[PDB]
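See structure below.
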Amino acid sequence: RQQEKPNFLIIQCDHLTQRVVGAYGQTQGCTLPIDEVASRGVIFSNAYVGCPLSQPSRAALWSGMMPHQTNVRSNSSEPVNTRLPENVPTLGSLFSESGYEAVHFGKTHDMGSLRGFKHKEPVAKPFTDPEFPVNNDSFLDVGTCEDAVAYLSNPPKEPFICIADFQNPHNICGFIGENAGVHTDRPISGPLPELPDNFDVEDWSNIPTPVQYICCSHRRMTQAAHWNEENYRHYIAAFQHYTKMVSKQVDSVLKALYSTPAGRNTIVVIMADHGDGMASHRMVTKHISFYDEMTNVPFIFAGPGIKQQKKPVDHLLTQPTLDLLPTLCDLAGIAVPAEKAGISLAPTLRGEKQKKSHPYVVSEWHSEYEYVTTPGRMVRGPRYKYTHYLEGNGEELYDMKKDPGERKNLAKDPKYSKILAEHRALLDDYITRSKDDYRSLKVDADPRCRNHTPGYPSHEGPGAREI
Ligand SMILES: [Cl-]
Ligand SMILES: [Zn+2]
């Protein structure tokens with residue numbers, strides 16, 4: 001038993017959302033291979049990432065730390081962001097030093113947190129799509145899929161830990177570029193998805209300043225700011241298409257996995273580095289805001305020793321950015337360094353009592369490319385989500401039980417003043433225990449990016465990257 005170790009296959013998809021994954025109960029037909037894995041295992045309803053942005057999320061994830069601690073807080077490359085020091089234990093270092101073969105395929109964008117994995121760079125394999133634009137994101141996934149299939153088809157050593165980091169549905173970014181501004185959409189042959197119930201922003205004066213002006217600071221939002229309903233539904237359709245594309249590749253990867261006896265000895269994890277607005281709150285992609293579509297990601301486990309659960313686990317707050325490292329170490333029988341703040345979910349996965357749990361979980365924003373630096377923090381408690389931004393001391397407060405779509409900010413309502421204070425207190429506790437420098441940080445927000453009536457439809461001009 002204890003010397004017979006499982007393998008691991010970690011499949012991560014950039015921008016993948018709970019909404020689009022059928023296992024979560026909202027959208028049918030886009031992720032059947034992922035849903036089949038979920039059906040054999042356990043999915044988590046509350047799985048919040050440490051930052052809704054790729055490089056900060058990935059640097060944090062593979063090191064099991066938070067972004068203010070890695071100090072990789074934006075997507076900028078060296079020297080604005082500096083690679084994780086070589087003395088910080090990572091997933092790869094812990095697994096490699098315990099005798100695992102550790103391999104990584106696909107997207108990196110890790111700022112050194114992948115140290116210990118042997119990385120193979122994918123090669124772009126272009127192809128033509130008859131209905132949606134496809135770019136090097138989609139072409140790279142073809143290479144990644146080929147590499148992962150080749151590896152899992154003939155695994156040279158057990159035990160192994162393999163990461164397959166897919167780009168899609170990130171090609172949604174390219175879609176927005178091809179459809180920027182006022183435009184008529186190219187016809188498509190599918191049924192057209194409906195807008196979500198939280199599409200509209202009811203009151204722009206009741207949201208924080210940085211969220212009001214995402215249209216100025218986020219290039220993709222500048223592009224989509226004046227989109228009509230048709231435009232946004234075609235956006236959702238494209239997102240579903242790119243998700244279907246990556247799910248076919250997941251299928252190929254799983255077929256390769258289960259083509260040898262290594263497969264049945266493998267624990268499969270499916271997650272995303274962050275989500276996508278999917279037109280909720282008029283939002284496209286990810287930038288500044290902390291709404292569930294972007295921060296609450298699919299987080300799915302199945303494999304030997306993991307007990308099947310039909311219902312999603314919703315009595316726990318999880319933080320994949322912190323919890324993946326100790327969970328995988330616990331499943332592999334590898335000791336976790338004491339400084340890591342994550343909590344192993346292996347008890348829940350085994351069907352045992354989860355004695356330790358997070359009383360709340362957190363997300364961070366700092367900047368994307370240092371055009372605008374507008375730090376903020378999210379605290380998800382058991383029932384409410386609280387957000388705070390330094391710029392204007394803006395706050396949000398959402399009842400996630402009665403208002404899961406986050407349509408009614410409760411922060412200015414005196415009836416909720418005690419709940420608001422209570423979540424402010426969770427942020428104070430986080431700052432103390434994590435040594436967050438949040439309270440000391442400076443806002444850098446040019447007033448030319450805050451210079452029209454609040455809200456994306458009223459956006460005028462070319463946005464921050466242009467001025
Ligand atoms: Cl920026
Ligand atoms: Zn604007």
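Each residue's number is its place along the chain shown, starting with 1.
Recorded method is X-ray crystallography, 1.9 Å.
Note: Cβ is positioned from N, Cα and C throughout, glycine not excepted.
Residues annotated as 3-oxoalanine (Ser) in Swiss-Prot: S54. Counting Cβ atoms from all protein chains shown, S54 (3-oxoalanine (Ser)) has 20 others lying within 10 Å of its own Cβ.
Taken from Swiss-Prot, the feature Zn(2+) binding site applies to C215, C216, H452, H459. Reduced to three states, the DSSP call for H452 (Zn(2+) binding site) is coil. Within 10 Å of the Cβ of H452 (Zn(2+) binding site) there are 16 other Cβ atoms, across all protein chains.
Taking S54, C215, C216, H459 as the candidate recorded positions, the subset whose CB lies under 6 angstroms from any atom of ligand 2 consists of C215, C216, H459. Close to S54 (3-oxoalanine (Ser)), meaning Cα to Cα within 10 A, are none of the binding-site residues out of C215, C216, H452.
Taking Cβ-Cβ distances under 8 Å and a sequence separation of 6 or more, the neighbours of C215 (Zn(2+) binding site) in its chain are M221, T222, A225, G455, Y456, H459, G463.
According to its DSSP assignment, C216 (Zn(2+) binding site) is helical. A 10 Å cutoff on Cβ-Cβ distances gives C216 (Zn(2+) binding site) a total of 28 other Cβ atoms nearby, all chains included.
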